Every structure is written in C-alpha cells, then in structure tokens.
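Working notes, structure below.
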RNA sequence: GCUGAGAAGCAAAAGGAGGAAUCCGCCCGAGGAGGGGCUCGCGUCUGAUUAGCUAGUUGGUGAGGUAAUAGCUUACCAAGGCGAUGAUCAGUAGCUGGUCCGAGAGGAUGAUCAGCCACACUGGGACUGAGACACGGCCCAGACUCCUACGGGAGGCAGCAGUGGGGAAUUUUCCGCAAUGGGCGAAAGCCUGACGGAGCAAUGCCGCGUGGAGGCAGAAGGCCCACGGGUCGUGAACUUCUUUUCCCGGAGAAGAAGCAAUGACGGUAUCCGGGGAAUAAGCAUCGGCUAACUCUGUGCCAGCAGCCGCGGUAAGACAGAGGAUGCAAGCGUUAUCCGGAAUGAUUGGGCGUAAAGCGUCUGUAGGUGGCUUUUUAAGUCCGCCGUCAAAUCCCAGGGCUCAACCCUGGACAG
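Protein chains in written order, with the UniProt record's numbering: chain X, 2 to 200; chain R, 1 to 134; chain A, 1 to 80; chain C, 58 to 135; chain H, 1 to 123.
Structure below.
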C-alpha cells in the first residue's frame, strides 16, 4: 500500500520522522496532555524502531521482511546493509536529490512515470539503483516544471556523497553505495536487526 | 592401567590442579611422552622429568602457577577428551577445529606424529583427534 | 537413435530453447547424455559446442527440422 | 570392486560353501563402527575348502539362486 | 545410555504431536448433523449455562460441540459445520460450531470482530 | 552364418519412383550409439502382547526351457537354507532428485517440476512384433450400465473437458497445431485434449494504486473530562499539481525457422492523445506473553478464552462507542508438520531423596581393554581420476521497467 494516512500521529509516536512526510516539526498546536510517565516495554522500543524505519521509507512490512532476508543473505554488517538496500531505493534518491519535497511526493512522482533512468523510464518506486547510474526528468518536464518547483524550495540540505545534481540539465547520479555515516536517518541498526531475529 | 592410558594422564592433570597441587606423577608410555613433549613447548606446563622408582620410567610434571592469590593459578586449565575408546572420532584437514579461535589446541594423531592445529593445519594432513585443551 | 532436438526451457510466452541430444522415445523435456547447444529465438546468442555436435552427428543421431536449420546457419557440417 | 574375504562356515554341500563376511559399518545416527555379518553361498568345482578356512568372494555368472560367487584364494601378504 | 549398544539398539521415540481433535480427522472443519441442543454447566469455579449441540459428523463420530455467540437458531436435525478448539470449562466439549456458515446464522447485532461470528457489514 | 569333434549338412531376397541419371528400399552378415532383459555389494517403516520358518524348500547331476544365467522346470541324490544383529507373520508405504523446518546435527514429508516402477472395471491367459503379457488390442470368467424386434449384441474417463455421488474443497462439455516434440510419407501434407494459449478462483509468491503539496489553527459534530478543556485532527472541509490505474479515442509488435508465404494467442503486450481526484480499505487485537485503553450497559447472567483465568454493581478480560495498535488487498480462526523442546539427549539429559539401579551373584553371545618392538593397511588421512541426470539450494553475471520468475557459467560439501 502507501499507508496514505494521518502522519503527525506517527511523528508524535515514533519521534520526528526526518524529511519523510514533513519538513515541518510536529505539534504546532498540540501535545498538551498524555504523560508517558516513563513506562515503555522493550518490545515497544524495538517495534518503534521497525516503524521508525517502515514509515520513513513507505515500505510494506512484508517487503521489509524481504529486505531483511536479502540483508542476511548478503555478506557483511546486516545492520548496515539493510540501510544500503533501503537507501538506493529509487524514490528515496528522488527525495534525497530534492526532486520532491516528501517521500510520498517522490513515490507519486515516480508512479505517474516522470523519471527516465539511463534514458529508460522506470515506473516503479521500489527500483534499486546501482553505482554510476543516471537519473533525469521526463522530456515533458521542461514544459512541466514541477521538479523545478521542488528543486526551488529544496536546497537547505545539500546532498550526501553519492549524489551529483546538475543544475539546469537536472541529472543526478550516485558515485557509490551510501555509507552508514551517509545514511540520513538516525537510528540503531542493532535494535532493528535484533527485532527480526525471531522472524 | 585402567581402560585408558590417556584419560590416565589427563584426569591426573585435572585432578592435580583442581586441588592446586603443582606436581604430577604419571606413567611414561610413548604417546604420553609425545603429549608432554608437545605440551611443555606450548606454555601450559613448566617441566617434565623422567625417572625410575622400581626401574619403571615415570613422568613428574610441574604445573604453572602465579603468585599468592585467592588461587595461585588464575587461568583454569580445562582439559577435555574427545576420541573416547569405543567412539573414535576422525577429522579431515577441513573439520580440524580452531579451539576458541586458537587459544586452545587440539592434539591429534597424524600419520606424521602427533601435532597441534598449527602443525597439522600447515601440513594439510588430517587424523584422529585425541583431545583438545583450552 | 538419439535425436538432437530442442526443449522449451522458460516462462509462459518465453521460448528459451535448449538443444539436447536425448533418445527420441523420451518426452520432450527429459534427460540427456550431454546437453549441447542453446537457441534463444527472441533475440540473443546461440552457444553451439561444435565438437560435441560433431561427436553425435559423427555417431549418427539425426536432428529434427529446425535444429538442422540452426546447423545450416553455421558451417558445422564437415564429413570427417 | 573389492573381493569379500571371509571364513567358511559349513561345506556339507557339493561345490558349495557358506561364507561369513564380516563388514564394519558406521551406524548412521550414532557414530560407531558396528560390525554386520552376512553369509553367502560360493561355488567351487574343486570344492577344496574345509570348514574354517577363509576365502575371497569375486562376482561371477550366477550359478543357482544364491550361488552367485566363486571363491579361489586370498593373496596372503600378512 | 552409552553410545555403545544401549542406544544403537534404540533410545525410544516420542509418540507424535497427539491429535487435539480426534474427529475432523482429515482436515480442519467438518459438516455436522444436530442431534441434541442441550445446555450444561461448567466446572466448580465458573457459573454459566453453556449451550452445546451434540452433533453427529460426516466422518463417523458423534461429538458434543460448543455453540459460540449470543443468539442461536439451532433446532433439532439442522446442519452445522464444526471446527476444532477446546472449550476448557466443559468436560467433553472438544469442538466449536462455526457461525454464519450453512444453516447456522450469524449472531444478532454484533459490530466488534465479525469474522469470528459470520456477520456481514452494517452501514 | 549356424549345428557338429570332424565328417557332413542346413539357410535368403522385393520391388517401387523416374526418360535416363539416381533415390527409396529388400536379404544375409560385422561393429557402434541409444534403448531394454538379468545378477550382485551397500541404503531402504513400525510391531516380539508375532519364535520358529522353509520341502522345489537350499544345494548337485541328468533331461528339457528361455534372447541369456538361473529350481526357470522336471526325475533322482544330498539335507540343506533363513533367523533373537528380528527370520516368518501382521500392519503401514510407490521410491528418489527434492520440499518445509532446524543454528547445527538432523526431524517430518514426496503436490505441481523431473527420473524409475506398477496398474488400467475385478481377476486370469496367451497371441504378433525388434519391444507388451499391451489404458483407448484380442480371448475367458466375475460384477455393473446401455440397446434389442427377446434370439442376442455393445462397454471400460485413474486421457482432456464434463455430469452424478462422497466431501469442508478444488475449474471451461474453450481456441489452435503458429511454435516445440512425436507418428507416417519420396515429397506435398495429415493427425496430435501431448503441448502452445485462453477463461474462472486473492489458492499462493511478487509488484502497484486508493492521491501529491498546502490547509487561518477559525467553524459543524462524536467521545471523554477535576466543566477549564482535551482528542478525533491537517484529519476533513477548502486551494492547486499529477493520471499508476479508470473512461474515451488512434497506432501497434516480436514470438516465424533468410525462397516467399505461414499467429490460436490478438488487434492481446506496449506506446501516443483527450477529460478527470477522479473508480477504489478492510480485518484482527487492546488483562500478562503481547504493541494497543478509557467510557457506557450488563451484574457468576449474557458471555470470552491459546494457558493462567475474567464475569455476584462503578469489569483496562463479556457486549457497544470513542480512541489506539499491528497488518494491508488482505486480515483472522481451524487442521496438519517442524521449531521453541536439552520434552527421546551423537552434538545435548538423568537414576540418594524429584519419574528412574534389576534383591544379589556366576557366566554365554556380544562390547571395551595394559606396555615395548616389528609387519600388512581393513578403518584413518593425502593426492589424482570416475560418478552422484537435468531442475532446486549457494555464489557471480544476464534478461523481463524492478521483483517474483526465467536463463548462462562455476563449485564446496558429502
């Protein structure tokens, strides 16, 4: 699905989901009740690291089991490799290049078939990019400057070291797989990895 | 002189130092001589001495210690048999285990002689794992 | 004898074919002494393994129609 | 393949000897070396084997239902 | 149990996961014929009138099955569909009856958790 | 060529097409490939509340017989042969590459995919051919259904579709030989319910959408409130952007094989244009495990429940509402299997008192066994070689817009 839903709920519960669904911080007129008082079971903590990951990328949870099985299946730090297989997801890159303000914005911006990759169109948000790729607009998007609106309001945050945004010819490419320091979201890999040990 | 001549030496080692006594008297057969030869040179024990009592050549073996502590030896020795009589174990040069990464050794009976994991891993030979200590 | 023949090896609407020299009595997707060849009619290569086709044709396993036609594209036919 | 050496059991049949064959075998789940005996009928036109001698079985053309071997002699390299 | 000969005879084997429903013996749920629709009481700590239908099955057994929910239509000689699951309170009742299936209607006026009771959506 | 010691004898043929050329044949040999027929080592479920079994039985010869060895068969002789390491009997079961689980050892299992076996209404026979004791062959018996003009006939869906029954439950009385693979033919071609497609079903695995961005923090309402308010809630309403999908039109494949032609799929896939947020979210749970909680009604009643147990007036456990949680075109319950389970234990348990040491002793089979020296290498180890089909799993590439799936190559184990 998309979850397509009320989302300041998820920001108040999970903590501030960075970039995804807002640059606006939560509870501009809210939070004036509901003392937590400090009781939270540890399973709630690991569950909130699931959904801190799952809402921040908009994944289906069954697909997140799929990415964990591939992450175990690869060789190396599974806590990091999970955040390589979920960074080189395409609409995360179009978010990170500022081609859309939010990640539902990027997912819808790639559903309606506005992205060529290496000159070929990719209609699917779960496309996993590679090193040395090419990410452009559509030919109609020099007449449909929605991407240029997003690139107009974007450039507070610059880019991490895989990206290379070309200003008017609108091309962004990733030099190499993103480093852990490079990952934008702040979370503990071990907490999430431990949670899926049960399966 | 029971069923095993290797649980002889080995159980005399465990029973020796679990009572903190730093002295072993055991028989000196060929394989006991070989084990203490490949065991004094690996830093576990201090000295092995042959002598005779009624012209029966024995090994007295001095264990390691440290200084006056709650117990004068810190690292407990932890000797263990593997290839029991009646259940023989055999390994290739693949299965041959790095005990605790290497902090233990697995003395085993090659066609060369009896080696350790160092001296049977470089050879590429394999054989009957006598016992591993750690 | 043996009859060098294709076998369908792929999904629906795909037609990736192997060239296998199985006995002619078998069903079309069986087992071979040596699975010699490849034929991808959509657009791709065709590995042939010339010495083994010359082994079986040297023995006398006649091929089918379009296997023979693939063998007539390349210059495989030598009578030695 | 190998021959099957083994003791002769009882030769009260013309041209025919029963042979115990002792074979070590690793038991599957538990890792010992269990022996299994299996006794055969071997052929000899010479019938020069008493009770208690030990022969080597080699495959030949089947002579009866059970008699599918003829045993000649071991090598004897001690 | 030594590795030698008390155990290359056999250890022993555990039996199975013993069947928690002796009827239904193919697979999960099985058509039933109502014989009695009586009502019995639980053991001592509880206190209720639980309403069970003793039901003949198409397998070959006869077995007293529980009826969930509040309302029940089940008269004599109707057809039900029993499923497994042990009601603890009743000695002998091993099975449930599915509601909303054949000739056993859904419960009256339920709007929380309807898939367990066979009631379609309102609204 | 065969029989036989030799002597000796014995045994075959088919023509057709073409003007010819020649080609397809035929008969007798000799090899090879592939396919079969046999034999053997090893592996191949439980039960001792089944302990003896076996007399063509196990051998030997002679006579026969088989494509071939053979108690395959027969006459006579010998008394063998199997078995407490489970014979015989009884019960269960197609087997294996594999599937699923497990950290691992291994446990359970054998659908689709693939190899071998067996059966073809229930039994029993033989015939021809290279090859059957033959699913859609023949003959007989038995049971059953149809036809009959009453004497007789005919029949085998465990082929594909389909009907009826049984069942919780499993589809269309479809299109096509275009490919692929068969069979026949010199070729032309013909026939293929194999196979290639299509239809229905969330049956499963994967991908995608139900909107994106803003939204005065002002109103209408539900629920709860120390009546201050809080929370539904940026949620909606509302303003713009977009069209995956949806509708309305155009174009339009490869798949098909170098003589051309040759497409069931199908005007399908895919692409282009025109509107339009439009056509699209449910289901469990919220006492602990186990994330999610308060309020109203009920008053050991109705009921819930996986285990513990809640329910006799203010129930965080029943029923409803609100809210929340987890999932998502799925969500739950049940059944079966493994895990957890070290709860059958080799890895990995125990026996003073918790379940458990025979009342003690002799000893057969069997199991384990002192030291030195020497020999063979059966075990053991190392090298090389063969094989364990293909598919699967693992690695690395490649193709479908990705994935699922498909394909190419490689290999440790063992």
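Even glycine gets a Cβ: it sits at the ideal position worked out from N, Cα and C.
### Task
List the residues of chain H that residue 91 of chain C touches, going by C-beta distances under 7 Å, in chain order.
Along the fourth chain, one-based indexing puts residue 91 of chain C at 34. Listed by position along chain H, the residues whose Cβ is nearer than 7 Å to that of residue 91 of chain C are 8.
### Query
By how many angstroms is the C-alpha of residue 154 of chain X removed from the C-alpha of residue 88 of chain X?
Along the first chain, one-based indexing puts residue 88 of chain X at 87. Along the first chain, one-based indexing puts residue 154 of chain X at 153. Their backbone Cα atoms lie some 22 Å apart in a straight line.
### Message
Once DSSP output is grouped into helix, strand and coil, what is the label at residue 15 of chain R?
### Response
Taking the second chain and counting its residues from 1, one reaches residue 15 of chain R at position 15. If DSSP states are grouped into helix, strand and coil, residue 15 of chain R belongs with the helices.
### Query
For residue 109 of chain X, which of helix, strand or coil comes out of DSSP?
Residue 109 of chain X sits at position 108 when you count from the first residue of the first chain. DSSP places residue 109 of chain X within a helical segment (H, G or I) once states are collapsed to three.
### Query
residue 82 of chain X and residue 75 of chain X look like a contact to me (Cβ under 8 Å); what is the Cβ gap, rounded to whole Å?
Counting from one through the first chain, the residue named residue 82 of chain X turns up at place 81. Counting from one through the first chain, the residue named residue 75 of chain X turns up at place 74. The pair is a contact, with the Cβ atoms about 5 Å apart (cut-off 8 Å).
### Query
Quick one: is residue 10 of chain A buried, meaning 16 or more other Cβ sit within 10 Å of its Cβ, or exposed?
Translated into the one-based positions of the third chain, residue 10 of chain A becomes position 10. Classification of residue 10 of chain A: exposed, given that the 10 Å Cβ count is below 16.
### Query
Assuming residue 73 of chain X contacts residue 62 of chain X under a Cβ cut-off of 8 Å, what Cβ separation, rounded to an integer in Å, is found between them?
Within the first chain, residue 73 of chain X is the residue found at index 72, counting from 1. Within the first chain, residue 62 of chain X is the residue found at index 61, counting from 1. So it is not a contact: roughly 17 Å between Cβ atoms.
### residue 61 of chain C to residue 78 of chain X span [Cα, whole Å]
On the fourth chain, position 4 is the one that residue 61 of chain C refers to. On the first chain, position 77 is the one that residue 78 of chain X refers to. Cα-Cα distance, rounded: 56 Å.
### Task
Below 6 Å CB to CB, which residues in the same chain sit around residue 84 of chain X once its five sequence neighbours on both sides are set aside?
Taking the first chain and counting its residues from 1, one reaches residue 84 of chain X at position 83. Beyond the five residues adjoining it in sequence on each side, residue 84 of chain X comes within less than 6 Å, by CB distance, of 184 in the same chain, given in chain order.
### Task
Indicate whether residue 36 of chain A and residue 23 of chain A have their beta-carbon atoms separated by less than 7 Å.
The sequence position of residue 36 of chain A within the third chain is 36, counting from 1. The sequence position of residue 23 of chain A within the third chain is 23, counting from 1. No; because the gap between Cβ atoms is not below 7 Å, this pair is not in contact.
### Query
Within 7 Å (strictly less), CB to CB, does residue 87 of chain R reach chain C?
Position 87 of the second chain, counted from the start, is the residue given in the question as residue 87 of chain R. Interface residue (Cβ-Cβ distance to chain C less than 7 Å): residue 87 of chain R is classified as such.
### Message
With the cut-off set at 7 Å, would you say residue 27 of chain A and residue 64 of chain A are in Cβ contact?
### Response
Taking the first residue of the third chain as position 1, residue 27 of chain A is located at position 27. Taking the first residue of the third chain as position 1, residue 64 of chain A is located at position 64. No, they are not a contact pair.
### Query
Looking only at its own chain, which residues have a Cβ that is under 7 Å from the Cβ of residue 124 of chain R, when we skip the five neighbours before and after it?
To locate residue 124 of chain R, count along the second chain from 1; it is residue 124. A distance below 7 Å between beta-carbons, with the five flanking residues on each side excluded, links residue 124 of chain R to the following residues of its chain, in chain order: 93.
### Task
Assign residue 11 of chain X to one of two classes, buried (16 or more other C-beta atoms within 10 Å of its C-beta) or exposed (fewer than that).
In the first chain, the residue the question calls residue 11 of chain X occupies position 10. Around the beta carbon of residue 11 of chain X, a 10 Å sphere encloses 16 or more other beta carbons of the protein chains shown; the residue is thus reported as buried.
### Message
Residues in the same chain with beta-carbon distance under 7 Å from residue 105 of chain R, minus the five sequence neighbours each way, listed in chain order, please.
### Response
Within the second chain, numbered from 1, the residue matching residue 105 of chain R stands at position 105. Within the same chain, and ignoring the five residues on either side of residue 105 of chain R in sequence, the residues whose Cβ sits closer than 7 Å to its Cβ are 42, 99, 116, 117, 132, 133.
#### Entry: Whole-number beta carbon distance between residue 54 of chain H and residue 64 of chain H, since they are thought to touch under 8 Å
Within the fifth chain, residue 64 of chain H is the residue found at index 64, counting from 1. Within the fifth chain, residue 54 of chain H is the residue found at index 54, counting from 1. At roughly 4 Å, the Cβ-Cβ gap stays under 8 Å, so residue 64 of chain H and residue 54 of chain H are in contact.
#### Entry: Neighbour-count burial assignment, residue 151 of chain X, 16 or more Cβ in a 10 Å radius
Here residue 151 of chain X is taken as the residue at index 150 of the first chain, counted from 1. Burial of residue 151 of chain X is indicated by the presence of at least 16 other C-beta atoms within 10 angstroms of its C-beta.
#### Entry: Proximity winner among C/91, C/100, C/109, C/132, relative to residue 8 of chain H (alpha-carbon distances)
The residue you call residue 8 of chain H lines up with position 8 of the fifth chain. Closest by alpha carbon: C/91.
### Message
So that I know if they touch, is there some Cβ in chain C lying closer than 7 Å to that of residue 101 of chain H?
### Response
Translated into the one-based positions of the fifth chain, residue 101 of chain H becomes position 101. Judged by the 7 Å Cβ criterion, residue 101 of chain H is not in contact with chain C.
### Task
Please check the pair residue 85 of chain H and residue 96 of chain H, which I expect to be a contact at CB under 8 Å, by giving their CB distance rounded to whole angstroms.
As a working note, residue 85 of chain H is residue 85 in the fifth chain. As a working note, residue 96 of chain H is residue 96 in the fifth chain. Between residue 96 of chain H and residue 85 of chain H the Cβ distance is about 5 Å, and since that is below 8 Å, they are a contact.
### Task
Kindly indicate the opening and closing residues of the alpha helix (DSSP H) around residue 80 of chain X.
Here residue 80 of chain X corresponds to residue number 79 of the first chain, with the count starting at 1. Note, residue 80 of chain X: alpha helix (DSSP H), 79-86.
### Query
For residue 164 of chain X, which residues of its own chain have a beta-carbon under 7 Å away from its beta-carbon, when the five flanking residues on both sides are left out?
In the first chain, the residue the question calls residue 164 of chain X occupies position 163. The answer, listed in chain order, is 97, 98, 173, 175.
### Query
Just curious, the beta strand (DSSP E) that residue 128 of chain R is in, first and last residue?
Walking along the second chain from the start, residue 128 of chain R turns up at place 128. For residue 128 of chain R, the enclosing beta strand (DSSP E) starts and ends at 128-133.
#### Entry: Closer than 9 Å at the beta carbon, the chain C residues around residue 142 of chain H
Here chain H has residues from 1 to 123 only, and residue 142 of chain H is not among them.
### Per-residue DSSP class, three states only, for residue 92 of chain X
Counting from 1 along the first chain, the entry for residue 92 of chain X is found at position 91. Helix, per DSSP.
### Query
Do the region 92-104 of chain C and the region 14-21 of chain H make contact, defined as three or more Cβ pairs closer than 8 Å?
Contact between the region 92-104 of chain C and the region 14-21 of chain H is not established, with fewer than three Cβ pairs separated by less than 8 Å.
### Message
Helix, strand or coil, according to DSSP, for residue 151 of chain X in the structure here?
### Response
Here residue 151 of chain X is taken as the residue at index 150 of the first chain, counted from 1. Correct three-state label for residue 151 of chain X: helix.
### Task
Can you grab the Cα-Cα spacing for the pair residue 40 of chain R / residue 49 of chain R, in whole Å?
Here residue 40 of chain R is taken as the residue at index 40 of the second chain, counted from 1. Here residue 49 of chain R is taken as the residue at index 49 of the second chain, counted from 1. It is roughly 11 Å from the alpha-carbon of residue 40 of chain R to the alpha-carbon of residue 49 of chain R.
### Task
List the DSSP bridge partners of residue 66 of chain H.
The residue given as residue 66 of chain H occupies position 66 in the fifth chain. DSSP output for residue 66 of chain H lists H/52 as bridge partner(s).
### Task
Go ahead and label residue 133 of chain C buried or exposed: buried means 16 or more other beta carbons lie within 10 angstroms of its beta carbon, across all protein chains shown.
Residue numbering aside, residue 133 of chain C sits at position 76 when the fourth chain is read from its first letter. By the 10 Å Cβ count, residue 133 of chain C comes out exposed.
### Query
In this structure, what does DSSP give as the bridge partners for residue 173 of chain X?
For the purposes of this step, residue 173 of chain X is taken as the residue at position 172 of the first chain. Looking at the DSSP assignment, residue 173 of chain X forms a beta bridge with X/136, X/166.
#### Entry: Three-state class that DSSP yields for residue 53 of chain X in the structure shown
Position 52 of the first chain, counted from the first residue, corresponds to residue 53 of chain X. In the three-state reduction of the DSSP assignment, residue 53 of chain X falls in the helix class, which pools H, G and I.
### Message
On the CB-based measure, 16 or more other CB atoms within 10 Å of its CB, does residue 17 of chain X come out buried or exposed?
### Response
Taking the first chain and counting its residues from 1, the one referred to as residue 17 of chain X is at position 16. Looking at its Cβ environment, which holds fewer than 16 other Cβ atoms inside 10 Å, residue 17 of chain X is exposed.
### Query
Is residue 115 of chain C helix, strand or coil when you go by DSSP?
Along the fourth chain, read from residue 1 onward, the residue named residue 115 of chain C stands at position 58. Three-state result, residue 115 of chain C: strand.
### Message
Is residue 84 of chain C close to chain H? Criterion is C-beta to C-beta, closer than 7 Å.
### Response
Residue 84 of chain C sits at position 27 when you count from the first residue of the fourth chain. At least one CB atom of chain H sits nearer than 7 Å to the CB of residue 84 of chain C.
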